[PDB]
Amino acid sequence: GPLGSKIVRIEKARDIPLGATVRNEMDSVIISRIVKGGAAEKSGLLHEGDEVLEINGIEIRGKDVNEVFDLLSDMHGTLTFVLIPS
């Protein structure tokens, strides 16, 4: 896809973490760890080095990881993640 991205469907449950840690890298949001025993490991859908470009149609480039956390805390259901694999 655009910038070589892929579309991934990620389930988000209120008060349950997705099970991945994220960091800012310049103007990007990058997945840094897939937490062992968490939901993201179980689904196999997110990976270290993945760049998050969009979450449910919201552009993520340039956003602080704190805003990403806040955004996700306000969402539940099946979310559309647009990712660039590493």
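Numbering starts at 1 and runs along the sequence shown. We call the rigid core the largest set of C-alpha positions that still match within 1.5 Å between the two forms.
| field | Core-aligned Cα RMS comparison in 4 other deposited structures of this protein - stretch that moves more, 58-66 or 15-23 | value | With the rigid core superposed, the C-alphas that lie farther in 4 other deposited structures of this protein are those of 15-23.
| query | Hey, which bit's got the bigger mean C-alpha B factor in the entry, 24-32 or 48-56? | reply | Averaging CA B-factors over each stretch, the winner is 24-32.
| task | Using the B-factor values recorded in the entry, state whether the Cα atom of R9 falls in the lowest, middle or highest third among the modelled residues of its chain. | result | Lowest third, going by the recorded CA B-factors of the chain.
| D64 CA temperature factor, ranked by third within the chain | Its C-alpha B-factor belongs to the middle third of this chain's values.
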